[PDB]
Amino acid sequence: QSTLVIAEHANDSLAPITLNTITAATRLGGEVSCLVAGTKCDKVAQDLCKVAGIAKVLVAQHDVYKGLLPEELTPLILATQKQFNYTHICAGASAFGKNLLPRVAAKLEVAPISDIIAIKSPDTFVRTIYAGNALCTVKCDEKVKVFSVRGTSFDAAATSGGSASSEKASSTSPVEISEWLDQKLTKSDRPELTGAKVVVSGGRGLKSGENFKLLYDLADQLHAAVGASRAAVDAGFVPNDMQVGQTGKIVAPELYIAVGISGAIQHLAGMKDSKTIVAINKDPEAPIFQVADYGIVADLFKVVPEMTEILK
């Protein structure tokens, strides 16, 4: 029983979701290896070597990994698999993990498991279906278990206490059927939505993007990340990467504050595991009140500013 974690990272910085995935991997009870691929892996590989729980770190550094295209990483991964014969291959259920892992599974001819929230044994996992409204326990009898891990369901592994050997990896010939052209990232100073301890989200109730400013001010006092619903995105108030829910990001902060959000099934799918949920909505019949630990039926344009002041 050997586990290969595919490390996610960018700009010599390791994606936090990889730390949660390492914890899930150690729960399997086998030796854990970590594959770091990309154009620049030297810093990250060193950091991963200190991460508690890792035994081996494989480094595949090459210009072909520009953009971390699945078509280029897959052959690398199959090579590593042939050579070390892992029984489990995983990655965090992020856009990167979801994009890559099902492609690898097809090449291995196995059925992958998506977004697991719990491990009962090396071959039995728990995941949610129907927008998180049902828990599905699955028994996987595949020769190789390929799965992605829900970051919020596992604690992050300690970034120290680990001893691991870095080793150069089985590097392949370029496929070149796809090419990375460019990107447009949403530059923000607020803390990342997925790792935030407090999250403040707004929906259609904010009427305009200028009004979202109120949420930013409130968020500041709480050092919170700001999220949104589809309505706010489609209306153009905020960018789509801020969307919380089934089609967006799944968060489980200590405190989630939903402002001007009805609480539709698809939104609850991404925040109903928050420790404490607060709802600010003028409609007393809004579904959000059914899951809110604390709720106030009032105008957000009145309550939000007041809360910011009380917080000052």
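So that there is no doubt, residue numbering starts at 1 and follows the sequence shown.
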Mind pulling up the entry and telling me whether 294-302 or 17-25 has the higher mean Cα temperature factor? 294-302
Which is higher on mean Cα B factor in this entry, 42-50 or 273-281? 42-50
Highest recorded Cα temperature factor - choice among 224, 149, 95, 158: 158
Based on the PDB record, which member of 121, 166, 87, 114 exhibits the highest Cα temperature factor? 166
Within this chain's modelled residues, let me know which third the CA B factor of residue 30 belongs to: lowest, middle or highest. highest
Residue 140: CA B-factor among chain residues, third -> lowest
Residue 133: CA temperature factor from the record, placed by chain third, in the lowest
Chain-wide C-alpha B factor ranking for residue 187, given as lowest, middle or highest third: highest
Residue 250 - which third its CA temperature factor falls in, relative to the rest of the chain: lowest
